[PDB]
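Have a look below at one chain only, the form deposited in one PDB entry, in C-alpha cells format.
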C-alpha cells in the first residue's frame, strides 16, 4: 500500500550502513594488522556475524515487508531463516565467549596462565558456530525427525505453531547466556574494581555492547514470552519494530567499537 513506503526506504539506509560498517571493521583488522589479538579475533567474529545478518536478512526482510507475500520459493525462505538464526546465535555466543575469556583472564590467573592464543580462540569460535549450525539442523528438517509449514504464503519458522519448544528455546538462548554472562560481567567488575585507565575503556566498550544486546533485544523476547500465552496479544507492527530493534543492535555494535577505544579511530580515519 502506498503509505508504508516511507518506512521501507529508511530500512535500506540501515542495511547499507550495517553491511558497510562491519565490512569496514573487517577491513581494519585485515588491512592494518595491528589488531591481530585474541580479543580482537572475538570482535572479528562478532562483526562477521553482524555482517552476515545484515547482508542476508536485511534485503530479505525488506523485500518481505515491502511485499506482504513470500513467493521466492520454499527453500530460500528456509535458507533465510537458517542464516538469520546462525547470525543471531553466533553474535550472542561470540559476545558470551568474549566475556568468558575476559573473566578467565581477570580470574586472578592461578589455573589459567596457559595459552590465551589462537588455539583457544579458534576452538571456542568453531564450537559456537557448530552449536549455531546444530540449531539449524532441526529447523530445516522439522517433519523428518519429529512427526509434527501448512501455509502456501507468509512463510515462517516450522515451529511457529508449537508453544513449549518456542518458549524453551527462547528461554535457553537468551536467559542462560544473558544471566551467565551478567554473572561473569559482575565478577569482572568486582575483580577490576579490586585492581584499580585502558581497562576502563575496555570495560566500557563491553558495557556498551551489554547495553545494546540487552536493551535492544528485551522487547523482542518479552514479545515471545507474552505471545505464546495469549494470541490476542499479537501486534504485527510491534513485532517488526522489535526485530528491527535487534537489527539496530547488530548495526550499533560497529558504532560501539570505534567510539570507545582510541585505536579504532585512527585505523578508521585513514
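Positions refer to the first chain, counted from 1. Here, rigid core means the biggest group of C-alpha atoms that superpose within 1.5 Å across both forms.
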{"query": "Test item: residue 70 lacks coordinates in at least a third of other entries", "finding": "yes"}
{"query": "Residue 115 left out of the model in a third or more of other PDB entries", "finding": "yes"}
{"query": "Deposited but uncoordinated residues in the residue 148/residue 149 interval", "finding": "1 to 3"}
{"query": "Residue 196-residue 197 interval: deposited residues absent from the model", "finding": "10 or more"}
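The discussion below concerns the form deposited in another entry, not included here.
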| property | result |
| --- | --- |
| Position with Cα shift of 2 Å or more, rigid core superposed between this form and the one not shown, options 79, 103, 112, 183 | 112 |
